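As structure tokens, the structure follows; a few thoughts come after it.
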Amino acid sequence: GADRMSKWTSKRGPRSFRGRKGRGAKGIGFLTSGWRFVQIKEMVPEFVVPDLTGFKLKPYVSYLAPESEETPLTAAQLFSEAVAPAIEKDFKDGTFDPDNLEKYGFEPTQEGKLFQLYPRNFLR
Amino acid sequence: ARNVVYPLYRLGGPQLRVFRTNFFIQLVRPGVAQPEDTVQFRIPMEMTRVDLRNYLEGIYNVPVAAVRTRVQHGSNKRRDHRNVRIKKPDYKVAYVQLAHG
Amino acid sequence: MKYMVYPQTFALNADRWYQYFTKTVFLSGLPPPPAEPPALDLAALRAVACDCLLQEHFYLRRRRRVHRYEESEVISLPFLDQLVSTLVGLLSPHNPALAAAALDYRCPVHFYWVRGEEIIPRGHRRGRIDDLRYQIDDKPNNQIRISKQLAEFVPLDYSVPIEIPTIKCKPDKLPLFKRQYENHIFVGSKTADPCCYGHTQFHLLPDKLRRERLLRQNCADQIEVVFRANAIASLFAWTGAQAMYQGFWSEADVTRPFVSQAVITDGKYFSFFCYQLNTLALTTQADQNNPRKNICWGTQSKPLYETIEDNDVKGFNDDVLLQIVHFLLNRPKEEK
Amino acid sequence: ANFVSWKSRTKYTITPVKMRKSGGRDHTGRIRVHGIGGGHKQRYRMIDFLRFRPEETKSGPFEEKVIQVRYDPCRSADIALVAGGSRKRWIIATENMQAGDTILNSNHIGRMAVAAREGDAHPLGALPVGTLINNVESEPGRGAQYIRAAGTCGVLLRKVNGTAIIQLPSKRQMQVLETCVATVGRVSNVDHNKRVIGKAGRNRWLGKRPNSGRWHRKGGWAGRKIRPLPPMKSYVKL
Amino acid sequence: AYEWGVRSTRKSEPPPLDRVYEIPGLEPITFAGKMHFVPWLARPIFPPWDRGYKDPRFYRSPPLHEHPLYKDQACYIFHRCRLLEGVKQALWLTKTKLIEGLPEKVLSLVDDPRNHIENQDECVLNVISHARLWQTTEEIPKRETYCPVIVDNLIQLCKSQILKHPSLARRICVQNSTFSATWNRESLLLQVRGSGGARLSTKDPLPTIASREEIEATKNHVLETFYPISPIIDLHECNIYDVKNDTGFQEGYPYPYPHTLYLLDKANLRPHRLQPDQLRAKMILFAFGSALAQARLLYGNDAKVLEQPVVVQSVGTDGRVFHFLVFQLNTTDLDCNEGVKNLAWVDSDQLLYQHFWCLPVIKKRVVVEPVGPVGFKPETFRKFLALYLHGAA
Amino acid sequence: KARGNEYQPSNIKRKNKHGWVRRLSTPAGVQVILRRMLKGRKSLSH
Amino acid sequence: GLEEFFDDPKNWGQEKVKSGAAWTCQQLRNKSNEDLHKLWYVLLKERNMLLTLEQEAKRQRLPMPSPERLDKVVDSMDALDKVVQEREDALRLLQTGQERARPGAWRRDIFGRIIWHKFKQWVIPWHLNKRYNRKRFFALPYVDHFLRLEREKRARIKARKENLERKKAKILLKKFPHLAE
RNA sequence: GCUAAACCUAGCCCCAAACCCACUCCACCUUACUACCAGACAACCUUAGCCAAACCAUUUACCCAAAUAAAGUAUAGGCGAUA
RNA sequence: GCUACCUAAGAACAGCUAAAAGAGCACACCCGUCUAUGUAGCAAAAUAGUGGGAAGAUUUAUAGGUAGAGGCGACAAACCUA
RNA sequence: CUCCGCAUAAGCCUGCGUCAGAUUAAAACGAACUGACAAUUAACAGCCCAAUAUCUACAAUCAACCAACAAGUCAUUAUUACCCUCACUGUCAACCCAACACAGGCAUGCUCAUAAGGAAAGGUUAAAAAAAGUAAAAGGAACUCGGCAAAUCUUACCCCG
Ligand SMILES: [K+]
Ligand SMILES: [K+]
Ligand SMILES: [K+]
Ligand SMILES: [Mg+2]
Ligand SMILES: [Mg+2]
Ligand SMILES: [Mg+2]
Ligand SMILES: [Mg+2]
Ligand SMILES: [Mg+2]
Ligand SMILES: [Mg+2]
Ligand SMILES: [Mg+2]
Ligand SMILES: [Mg+2]
Ligand SMILES: [Mg+2]
Ligand SMILES: [Mg+2]
Ligand SMILES: [Mg+2]
Ligand SMILES: [Mg+2]
Ligand SMILES: [Mg+2]
Ligand SMILES: [Mg+2]
Ligand SMILES: [Mg+2]
Ligand SMILES: [Mg+2]
Ligand SMILES: [Mg+2]
Ligand SMILES: [Mg+2]
Ligand SMILES: [Mg+2]
Ligand SMILES: [Mg+2]
Ligand SMILES: [Mg+2]
Ligand SMILES: [Mg+2]
Ligand SMILES: [Mg+2]
Ligand SMILES: [Mg+2]
Ligand SMILES: [Mg+2]
Ligand SMILES: [Mg+2]
Ligand SMILES: [Mg+2]
Ligand SMILES: [Mg+2]
Ligand SMILES: [Mg+2]
Ligand SMILES: [Mg+2]
Ligand SMILES: [Mg+2]
């Protein structure tokens with residue numbers, strides 16, 4: 001006689017079931033003795049909101065704007081724009097070696113950084 | 001944020017920070033008489049009352065004293081022409097009380 | 001089903017709502033002293049209060065770490081227990097009534113009453129009249145009961161040009177929740193106990209309502225609300241329960257006022273209140289033509305001390321200690 | 001099934017232990033023994049059947065004081081709380097064991113037999129022939145496994161080549177090494193077999209369920225059989 | 001011998017190791033690279049894991065022998081210890097002689113009717129009725145409830161006599177205080193760790209009870225032994241301890257002298273309540289511990305007969321029965337069994353009342369017994385009051 | 001006496017008896033899910 | 001303040017509110033990350049206001065003024081996400097070479113299907129994780145028959161679809177007989 | 001005169017050919033679709049029977065890797081049915 | 001998830017007589033002796049009255065165990081989703 | 001009239017709130033049906049616990065006399081580790097299991113007759129037969145297989161267990 005098709009939610013079942021199931025909210029702490037919840041400040045997402053004073057970009061764009069061709073950014077294009085100029089300049093100077101690749105911005109390992117690209121350890 | 005993985009926290013680790021939040025909220029007119037200082041919202045299901053306090057204060061600079069939330073059941077009673085139940089989506093309601101009179 | 005009214009409440013501006021439920025007007029300051037026709041050793045009293053304060057904070061050695069969340073129960077609660085115990089002992093010569101008074105520790109106080117009516121909005125009982133019922137379950141850290149009633153602060157017909165605040169929505173929005181359980185009217189002891197009157201109550205605010213946390217939640221203006229709400233609710237229940245022990249109720253309103261005093265503290269800041277119960281006729285029927293109002297007097301909370309460094313109490317405030325003593329020196333008027 | 005034996009405690013204690021009934025079911029959940037179920041709840045008091053267990057740092061004969069003799073729900077015989085040194089333990093009480101008595105747990109076998117006091121534990125080699133004994137073990141150090149029920153007693157019959165011949169309550173002889181320790185006297189509750197149940201309900205309190213109503217025709221197994229006493233059972237290896 | 005713990009309940013033994021490991025020069029292909037179990041690959045041998053950082057909720061303590069305070073000699077620690085032999089065991093442990101009855105000095109205090117409380121009998125009866133009946137909303141208050149309150153109210157009743165005796169204002173009743181004292185008996189290291197109950201603290205030490213002639217007359221007394229039971233039975237044999245001697249308060253406490261120790265036996269269940277002899281034994285050891293801690297503070301850690309004996313009192317009750325103890329510490333040279341001995345005056349089994357009826361006993365619509373105390377004995381409170389008045393009146 | 005009311009709903013029992021985890025705990029139960037997956041059942045289990 | 005949840009008070013009740021275009025991926029690709037970070041919140045506040053107005057319109061049973069405004073804001077915010085994601089994806093490839101931010105692996109499940117198992121974060125190693133080890137990342141032989149039956153089910157569906165298209169192509173030539181070329 | 005009647009598409013079947021097979025973010029073996037903890041359990045093992053033999057008891061065809069032919073032949077079998 | 005039996009940890013049993021109780025009278029509660037009604041019915045086993053028990057081998061809520069060549073059974077060839 | 005009723009648990013999942021539709025409740029323009037819009041806000045409840053060793057003989061019943069057997073729901077210490085705080089979820093209804101808006105099934109607390117909750121008659125007529133009751137001259141089991149049923153409140157036996 002049970003409804004098999006409807007979504008299983010925390011509203012259904014006995015008291016123990018209803019309190020164990022949630023709605024997808026991420027936890028921000030743990031329970032201690034006596035069912036006392038300890039909130040961790042570091043676990044609460046901190047909204048990094050910028051100052052918008054004197055910001056000239058608005059929600060919409062003017063219709064009298066010239067159309068341009070879509071060119072998605074690629075790793076090659078980023079390397080050419082950011083890394084290639086410095087490598088070309090040091091090549092002409094005559095002082096270029098693989099040891100100095102960190103100078104040009106290569107990161108041998110992601111460990112030890114606050115924002116690690118893989119595995120990604122930061123929020124959108 | 002929603003539909004994202006949260007970096008796991010360990011004792012002594014960095015503060016968790018969100019730079020571009022995808023939580024969107026809508027201020028709604030209360031259906032019943034409410035106190036003068038009370039503001040009603042419909043927030044995402046994954047947004048906690050702690051998030052809403054920091055969300056309103058950080059982005060809107062609204063001083064919040066208290067936040068209460070509840071989960072409203074959306075009706076699953078309606079039936080389409082195929083006699084298949086149509087689910088009105090569930091939504092979370094928040095009650096925000098202003099902090100300085 | 002009745003509303004659960006908590007004297008110690010996290011609800012914002014709860015004092016205004018509690019005034020409505022109890023038909024209590026609040027007045028700033030203490031009641032007007034009566035003009036009517038042994039030496040107090042301030043030095044001795046101050047030393048006992050500093051001794052108790054230093055005992056819990058410093059001298060008494062703790063076997064176990066005292067964490068911040070445990071400080072209220074482990075440190076503050078013994079202080080108020082001992083502070084009340086010693087002071088009444090030293091003040092027995094000045095006040096004979098104290099010698100025969102009953103000193104309770106964390107004893108329940110219950111009051112149940114009906115205020116107002118509502119039309120049932122939904123269900124098979126929709127559209128029918130239902131009384132709005134209320135219940136206060138309070139546990140004063142300490143209290144003092146006496147066998148003779150204290151004198152009224154003002155006349156029973158006392159009138160003030162101050163209206164009782166009204167609420168334009170349901171009590172549920174405070175928030176306030178309903179529950180059904182035993183309706184208890186209890187002063188702290190059963191009716192057989194001779195000590196059926198109330199002298200002074202001492203309340204300790206819980207850690208959840210600590211001053212430090214209210215400031216962090218943008219609730220600086222609720223600090224005094226928390227004290228006032230606890231005073232109004234606690235003393236209304238206590239004096240109300242006392243009146244009903246004497247046979248009074250909504251249809252047989254009190255023929256004399258019932259007064260009591262409360263000391264509200266969080267362990268450092270102390271606030272002093274006096275409550276006079278002038279009427280129990282709070283139902284819609286009995287309140288239709290009721291000019292009486294209940295009165296509550298309250299002072300702003302003041303720190304008893306500034307800091308405690310090692311075994312030194314810095315900035316001890318004698319005025320706060322004197323105010324505690326003045327309540328403990330109150331006694332019933334002796335008949336001829 | 002998910003049956004887990006309650007007999008999980010690993011450290012000896014005199015605190016009564018919560019025990020779980022079986023209902024005559026095995027670990028599979030199927031009935032293995034019929035006629036078991038319900039009854040009053042009981043707690044298990046751990047009985048030490050090795051009377052000669054010296055304390056951790058001690059050795060040799062030691063004495064214990066009887067603190068209390070009391071009812072045990074888990075067995076027919078009464079049990080006695082005894083204390084010696086810094087240790088307390090449950091043991092089976094003898095017929096005349098009472099609080100305040102002192103008992104002697106020795107492992108010494110001497111040229112002459114000791115004067116056997118009821119409730120004392122001695123090696124079988126040290127006891128006079130004909131002594132009434134109880135709580136007898138098959139091999140030295142194994143622990144008492146025989147003559148443990150209320151009122152039961154054995155008799156030391158012979159002592160030959162470092163061995164002792166005992167008569168079991170069933171009257172079948174039992175050869176053991178003379179170093180096997182026994183307790184002198186009869187087990188407590190001599191009148192256990194005289195109890196009257198009185199009504200069906202009392203058997204239910206004891207955890208016994210009624211017999212099947214199925215009528216079974218008796219077969220050749222039934223009827224009196226006069227058989228010789230079985231040959232002496234021997235635990236000594238030659 | 002029978003071994004406790006059936007094998008089916010014990011941790012299952014590790015499955016047999018794959019035979020590829022046995023073959024030398026062969027590298028087993030395991031599922032470790034796959035990061036999950038598969039039935040057709042070999043079980044990897046995982047190296048032991050260490051978290052490498054502090055997680056208080058997942059802490060594991062070091063092995064017991066590696067603790068800094070681990071000592072090879074055991075210290076037998078005595079509020080939850082229940083002595084098998086009761087007072088006799090306590091008398092031996094504290095090298096004290098027992099005199100039956102309270103000291104005449106104490107009992108004379110209440111023989112003067114000027115020291116009696118006004119309406120004493122009615123006042124005490126109300127205290128019993130309050131604790132046993134009028135206390136709560138529940139019909140029948142439980143012992144965990146009325147036992148603490150009946151003692152508090154009786155102390156409050158005695159504290160009403162500050163009017164007659166101004167010296168009663170130099171004492172306070174302290175809660176949650178603890179004390180520790182360590183001493184040696186026949187080479188056995190003993191420690192009492194006191195906790196629970198109320199410590200009545202005075203600014204002035206209690207007058208000595210026994211003259212120097214009675215103290216010297218204890219040399220003849222021989223401590224009774226109770227072979228085969230050890231004097232240390234039912235004590236906590238501890239191999240990780242510190243030789244702490246503590247009064248429970250830091251130096252400078254205005255009320256440093258222990259006057260009375262109020263010990264409660266408030267457990268609702270009878271098997272969880274100390275027997276009368278066991279409660280008296282706890283009182284003796286706690287009184288001795290408090291006295292010894294004071295002596296070690298005032299007169300150093302040396303072992304010597306004390307020129308100024310330390311007197312400490314104790315009142316033990318379960319809510320109805322009251323025990324009274326006056327303990328005098330005459331010596332700290334406790335290792336020997338011979339010499340000056342301590343003195344303890346003990347008045348046992350003092351019933352304040354026989355029974356209390358919370359409901360009327362009605363047989364055939366006739367109230368056989370009314371509600372209230374049955375068999376109230378005012379003498380019991382007179383001894384309670386005398387102990388309180390001691391050192392003030 | 002009257003029949004037809006054999007169903008006495010209990011979420012704990014329903015989940016334990018017919019739930020996803022229960023089904024996967026044995027090879028026969030896994031095959032139940034596979035048959036229902038092959039038929040295209042919207043509800044593979046309770 | 002709370003006024004930012006509502007449109008300009010002069011626009012209340014207007015049948016139409018004119019709006020500009022949605023930001024395009026190319027236009028946003030010229031802006032710095034800091035500018036895009038600020039623009040996100042500018043677009044975010046506009047989105048909340050438009051969502052507030054949409055709900056109030058339903059409450060009042062009135063049409064929403066200029067409903068295309070909401071679509072534009074969503075398109076602009078979707079473009080901003082894509083632009084920022086592209087920059088992070090390119091940087092990850094250069095510094096790590098990994099095509100996905102989240103670790104994962106191809107796995108076979110208890111039902112014999114090949115699945116991409118996205119990894120989760122844990123504090124203890126996998127060999128000690130009791131719940132993780134209860135999961136079966138392998139299929140036993142009894143699954144083989146079902147895999148074939150499922151493969152054959154797919155083959156039948158695909159065969160019907162292909163045959164139907166051919167039938168439809170012939171029906172088309174019948175109606176329009178000039179498509180022979 | 002009502003109720004009705006009438007329709008030609010949706011798609012489907014059998015062959016041929018060709019090996020087959022996924023993917024947005026997030027969730028999902030615990031009570032699946034549940035962010036976040038100390039475990040270690042692990043897969044294989046003859047189908048049977050209806051039925052035919054007019055009962056039934058030995059026995060009674062089941063793709064197993066080239067259409068055809070050798071051939072329903074050699075051979076097997078309560079030398080029966082049949083294989 | 002019915003039912004038979006079992007396991008874990010719970011709950012209920014007024015009043016009167018006797019005061020000892022698988023004791024009596026008698027509610028709640030459990031059961032279903034006899035009659036009538038009903039018989040596609042209110043019900044694929046009910047209703048009304050009358051009855052048996054009602055501190056016990058009692059009744060009962062919750063979770064769990066035993067599965068068909070079987071289980072369970074104070075044997076009625078009972079009961080194991082009409 | 002009052003069988004109840006109110007609340008909790010379990011179950012159920014928006015299932016008589018507002019606006020509008022003439023869709024319909026075994027009748028009916030009110031609506032449990034349709035569409036749209038609302039709503040249940042934690043203090044109650046659920047969701048708990050660092051490690052190793054060690055501790056835990058003495059029921060309950062007003063727990064006091066007294067007597068028991070079927071022998072019982074409630075307990076730590078030592079050392080190490082530990083600064084942090086109020087998140088998340090349940091909260092609606094005239095409701096559940098019986099194909100139904102079914103005279104059945106359905107745990108606990110309180111109320112012990114109610115302050116709560118309800119309506120046996122669509123209108124008429126007043127034949128038969130049928131159902132449920134009430135009263136009855138004289139007689140009093142003559143009825144019937146049988147004192148079944150009803151009324152009344154009873155004596156003495158027998159068989160079986
Ligand atoms: K027994
Ligand atoms: K029915
Ligand atoms: K429902
Ligand atoms: Mg909530
Ligand atoms: Mg047994
Ligand atoms: Mg038999
Ligand atoms: Mg038989
Ligand atoms: Mg069915
Ligand atoms: Mg059931
Ligand atoms: Mg055949
Ligand atoms: Mg046949
Ligand atoms: Mg059981
Ligand atoms: Mg009864
Ligand atoms: Mg009976
Ligand atoms: Mg009866
Ligand atoms: Mg019959
Ligand atoms: Mg039932
Ligand atoms: Mg049966
Ligand atoms: Mg038969
Ligand atoms: Mg038959
Ligand atoms: Mg069936
Ligand atoms: Mg709570
Ligand atoms: Mg409700
Ligand atoms: Mg039906
Ligand atoms: Mg009504
Ligand atoms: Mg009607
Ligand atoms: Mg009619
Ligand atoms: Mg009609
Ligand atoms: Mg007649
Ligand atoms: Mg006849
Ligand atoms: Mg007759
Ligand atoms: Mg006839
Ligand atoms: Mg009859
Ligand atoms: Mg019979």
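Here's how to read the names in the structure tokens: chain A, B, ... by the order shown, residue numbers from 1 in each chain, ligand numbers from 1 in the order shown.
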Once you count only C-alpha atoms (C1' of nucleotides) and all ligand atoms, which residues end up within 9 Å of ligand 25, and could you hand them over as a PDB file with C-alpha atoms (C1' of nucleotides), in the first residue's frame?
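Okay, out-v4.pdb is ready:
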ATOM      1  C1'   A J 116     -14.906  18.753  23.852  1.00  0.00           C
ATOM      2  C1'   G J 117     -17.481  16.342  19.749  1.00  0.00           C
ATOM      3  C1'   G J 118     -22.289  15.190  17.233  1.00  0.00           C
TER       4        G J 118
END
Exercise. Please identify the residues whose atoms come within 9 Å of ligand 32, using only C-alpha atoms (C1' of nucleotides) and all ligand atoms, and report them as a ChimeraX atom specification.
Key: /J:142-144
How would the residues just chosen look if you wrote them out with N, CA and C atoms (P, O5', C5', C4', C3', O3' and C1' of nucleotides) as a PDB file, in the first residue's frame?
ATOM      1  P     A J 142     -45.309 -29.765  29.719  1.00  0.00           P
ATOM      2  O5'   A J 142     -46.807 -29.371  29.345  1.00  0.00           O
ATOM      3  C5'   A J 142     -47.725 -30.356  28.898  1.00  0.00           C
ATOM      4  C4'   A J 142     -48.895 -29.747  28.165  1.00  0.00           C
ATOM      5  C3'   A J 142     -48.573 -28.946  26.914  1.00  0.00           C
ATOM      6  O3'   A J 142     -48.359 -29.774  25.783  1.00  0.00           O
ATOM      7  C1'   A J 142     -50.205 -27.812  28.229  1.00  0.00           C
ATOM      8  P     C J 143     -46.937 -29.804  25.038  1.00  0.00           P
ATOM      9  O5'   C J 143     -46.653 -28.280  24.677  1.00  0.00           O
ATOM     10  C5'   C J 143     -47.470 -27.576  23.754  1.00  0.00           C
ATOM     11  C4'   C J 143     -46.695 -26.481  23.069  1.00  0.00           C
ATOM     12  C3'   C J 143     -45.527 -26.943  22.206  1.00  0.00           C
ATOM     13  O3'   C J 143     -45.926 -27.316  20.899  1.00  0.00           O
ATOM     14  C1'   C J 143     -44.804 -25.218  23.651  1.00  0.00           C
ATOM     15  P     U J 144     -45.594 -28.780  20.326  1.00  0.00           P
ATOM     16  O5'   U J 144     -44.010 -28.800  20.196  1.00  0.00           O
ATOM     17  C5'   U J 144     -43.333 -27.878  19.356  1.00  0.00           C
ATOM     18  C4'   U J 144     -41.874 -27.775  19.718  1.00  0.00           C
ATOM     19  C3'   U J 144     -41.119 -29.091  19.808  1.00  0.00           C
ATOM     20  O3'   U J 144     -40.721 -29.594  18.544  1.00  0.00           O
ATOM     21  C1'   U J 144     -40.642 -27.794  21.715  1.00  0.00           C
TER      22        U J 144
END
Practice problem: Report as a PyMOL selection string which protein, DNA and RNA residues come within 12 Å of ligand 11, using only C-alpha atoms (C1' of nucleotides) and all ligand atoms. | Solution: chain H and resi 54-56
Exercise. For segment 84-100 of chain J, please output as number ranges by chain all residues within 9 Å (counting only C-alpha atoms (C1' of nucleotides); exclusion window: fewer than 3 positions along the same chain).
Key: A: 10-12, 15, 18-23, 25-30, 36-40; B: 48-50; C: 67-69, 122-125, 208; F: 2-9; J: 10-12, 14-16, 32, 39-40, 45-47, 104-106
Quiz prompt | Near-ligand residues for ligand 15, threshold 10 Å, only C-alpha atoms (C1' of nucleotides) and all ligand atoms, as a PyMOL selection string | solution = chain I and resi 23-26+52-54
Exercise. For chain D, work out the contacting residues on chain J at 10 Å, counting only C-alpha atoms (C1' of nucleotides), and write them as a ChimeraX atom specification.
Key: /J:55-58,69-72
Write out the residues from the selection above, keeping N, CA and C atoms (P, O5', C5', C4', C3', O3' and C1' of nucleotides), as a PDB file, in the first residue's frame.
ATOM      1  P     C J  55      38.646  -4.509  38.080  1.00  0.00           P
ATOM      2  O5'   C J  55      37.453  -3.579  38.579  1.00  0.00           O
ATOM      3  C5'   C J  55      37.609  -2.738  39.711  1.00  0.00           C
ATOM      4  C4'   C J  55      36.476  -1.750  39.831  1.00  0.00           C
ATOM      5  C3'   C J  55      35.087  -2.345  40.005  1.00  0.00           C
ATOM      6  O3'   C J  55      34.818  -2.722  41.344  1.00  0.00           O
ATOM      7  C1'   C J  55      35.025  -0.640  38.363  1.00  0.00           C
ATOM      8  P     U J  56      34.213  -4.172  41.676  1.00  0.00           P
ATOM      9  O5'   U J  56      32.652  -4.009  41.405  1.00  0.00           O
ATOM     10  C5'   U J  56      31.875  -3.085  42.153  1.00  0.00           C
ATOM     11  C4'   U J  56      30.572  -2.772  41.463  1.00  0.00           C
ATOM     12  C3'   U J  56      29.721  -3.970  41.069  1.00  0.00           C
ATOM     13  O3'   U J  56      28.948  -4.478  42.143  1.00  0.00           O
ATOM     14  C1'   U J  56      29.878  -2.482  39.242  1.00  0.00           C
ATOM     15  P     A J  57      29.586  -5.532  43.172  1.00  0.00           P
ATOM     16  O5'   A J  57      28.346  -6.412  43.644  1.00  0.00           O
ATOM     17  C5'   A J  57      27.835  -7.457  42.831  1.00  0.00           C
ATOM     18  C4'   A J  57      27.156  -8.511  43.666  1.00  0.00           C
ATOM     19  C3'   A J  57      26.046  -8.014  44.581  1.00  0.00           C
ATOM     20  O3'   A J  57      24.802  -7.905  43.909  1.00  0.00           O
ATOM     21  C1'   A J  57      27.516  -9.422  45.798  1.00  0.00           C
ATOM     22  P     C J  58      23.971  -6.530  43.933  1.00  0.00           P
ATOM     23  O5'   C J  58      23.163  -6.591  45.304  1.00  0.00           O
ATOM     24  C5'   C J  58      22.337  -7.707  45.615  1.00  0.00           C
ATOM     25  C4'   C J  58      21.872  -7.669  47.050  1.00  0.00           C
ATOM     26  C3'   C J  58      21.075  -6.426  47.442  1.00  0.00           C
ATOM     27  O3'   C J  58      20.101  -6.767  48.430  1.00  0.00           O
ATOM     28  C1'   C J  58      23.019  -6.558  48.767  1.00  0.00           C
ATOM     29  P     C J  69      10.335 -18.589  49.228  1.00  0.00           P
ATOM     30  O5'   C J  69      10.139 -18.382  47.661  1.00  0.00           O
ATOM     31  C5'   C J  69       8.850 -18.476  47.065  1.00  0.00           C
ATOM     32  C4'   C J  69       8.858 -17.976  45.643  1.00  0.00           C
ATOM     33  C3'   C J  69       9.816 -18.709  44.707  1.00  0.00           C
ATOM     34  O3'   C J  69       9.272 -18.751  43.390  1.00  0.00           O
ATOM     35  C1'   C J  69      10.424 -16.431  44.824  1.00  0.00           C
ATOM     36  P     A J  70       9.154 -20.148  42.608  1.00  0.00           P
ATOM     37  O5'   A J  70       9.349 -19.748  41.078  1.00  0.00           O
ATOM     38  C5'   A J  70      10.618 -19.863  40.444  1.00  0.00           C
ATOM     39  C4'   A J  70      10.853 -18.739  39.466  1.00  0.00           C
ATOM     40  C3'   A J  70      11.730 -17.600  39.980  1.00  0.00           C
ATOM     41  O3'   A J  70      12.466 -17.037  38.894  1.00  0.00           O
ATOM     42  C1'   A J  70       9.590 -16.761  39.455  1.00  0.00           C
ATOM     43  P     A J  71      14.054 -17.242  38.788  1.00  0.00           P
ATOM     44  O5'   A J  71      14.653 -15.896  39.387  1.00  0.00           O
ATOM     45  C5'   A J  71      14.351 -14.634  38.802  1.00  0.00           C
ATOM     46  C4'   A J  71      14.970 -13.504  39.584  1.00  0.00           C
ATOM     47  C3'   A J  71      16.494 -13.524  39.642  1.00  0.00           C
ATOM     48  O3'   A J  71      16.994 -12.188  39.709  1.00  0.00           O
ATOM     49  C1'   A J  71      15.621 -13.762  41.825  1.00  0.00           C
ATOM     50  P     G J  72      18.271 -11.749  38.837  1.00  0.00           P
ATOM     51  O5'   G J  72      17.744 -10.521  37.972  1.00  0.00           O
ATOM     52  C5'   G J  72      16.755 -10.701  36.963  1.00  0.00           C
ATOM     53  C4'   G J  72      15.607  -9.736  37.136  1.00  0.00           C
ATOM     54  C3'   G J  72      15.993  -8.260  37.106  1.00  0.00           C
ATOM     55  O3'   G J  72      14.917  -7.489  36.571  1.00  0.00           O
ATOM     56  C1'   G J  72      15.078  -8.789  39.218  1.00  0.00           C
TER      57        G J  72
END
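If one restricts the calculation to only C-alpha atoms (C1' of nucleotides) and all ligand atoms, the set of residues situated within 9 Å of ligand 13 consists of residues 13, 14, 15, 54 and 55 of chain I.
Every protein or nucleic acid residue with an atom no more than 7 Å from segment 284-288 of chain E, counting only C-alpha atoms (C1' of nucleotides) and leaving out same-chain residues fewer than 4 positions away, appears here: residues 90, 94, 194, 280, 292, 312, 313, 314, 327 and 329 of chain E.
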Exercise. Please check which protein, DNA or RNA residues sit within 9 Å of ligand 21, counting only C-alpha atoms (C1' of nucleotides) and all ligand atoms, and write them as a list in words.
Key: residues 80, 81 and 82 of chain I
